[PDB]
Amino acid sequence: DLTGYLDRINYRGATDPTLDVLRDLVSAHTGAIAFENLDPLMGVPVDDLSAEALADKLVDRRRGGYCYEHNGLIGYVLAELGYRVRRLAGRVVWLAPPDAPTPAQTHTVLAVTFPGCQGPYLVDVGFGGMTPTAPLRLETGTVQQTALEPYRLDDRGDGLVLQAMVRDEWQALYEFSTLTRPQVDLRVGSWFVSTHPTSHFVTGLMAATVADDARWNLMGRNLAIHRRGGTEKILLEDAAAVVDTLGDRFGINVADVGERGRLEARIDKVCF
């Protein structure tokens, strides 16, 4: 299974559990496998978070996925390579004020260590739209510049909060505990966010990729290309054009979802 994954992300480097390999893997993964919620949008739950199910979808079938699928898959890969992987749970606070109601635990991230590491590293390749394209030092206060935006971790209560410089200000993305969460808890969270009528992944369409000094973000029919210099926004004309963008620009095997007419009609009723 390891080979199939490495070919999918077009990785060619060494496979020893080191910092450089972790960097190169995260970079290759985020540039190759899109974030998408086509399953929950089409009424297909994300329930099965085993190595076999995630590799079947994200590698063999050339589909994307969301946080549970992305960090699930890379978590299994890193474990096989010799990294120590702990799975964590998070609450998403992006664009919300500090007095917003407590969000559900619907995000999952990884705490990663390896032979000779000075400290633990945060790995998150599943936070569609703003996922860090580098492993980040799991330490507070330090500004950590990536290939795209800079990131910063801060101590918030009994846990931590990940922040990123978006446009002109520091934005809180998600807060999380560093306590290990059992697989079953992650399944419960993934079920909620993929099946609940109020979930943004059920009511709408979201897709995201990086290629390579730019972010390609899609919210329904609204396509945004974020570069270091600025941002360009494209209003997609119809549901048919949205599907084309998902297949071409985002590299998703849209045929896997089923008949294109059904996907177009779902996008038409939801986004238009």
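Numbering starts at 1 and follows the sequence shown.
**Q** Using only C-alpha atoms and the B-factors in the entry, which stretch averages higher, 61-69 or 205-213?
**A** It is 205-213.
**Q** Comparing 184-192 with 108-116, which has the greater mean CA B-factor as deposited?
**A** Higher mean C-alpha B-factor in the PDB entry: 108-116.
**Q** In terms of recorded Cα temperature factor, pick the maximum from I33, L236, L38, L49.
**A** The record points to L236.
**Q** Lowest, middle or highest third: where is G75 by C-alpha B factor in its chain?
**A** Answer is lowest: the recorded C-alpha B-factor places it there.
**Q** Relative to the other modelled residues of the same chain, rank the CA B-factor of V166 and answer lowest, middle or highest third.
**A** It belongs to the highest third of the chain when residues are ordered by C-alpha B-factor.
**Q** Is the Cα B-factor recorded for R152 in the lowest, middle or highest third of its chain?
**A** It falls in the middle third of the chain.
**Q** Please say which third, lowest, middle or highest, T178 falls into when its CA temperature factor is compared across its chain.
**A** It falls in the middle third of the chain.
**Q** Lowest, middle or highest third: where is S27 by Cα B-factor in its chain?
**A** Lowest third.
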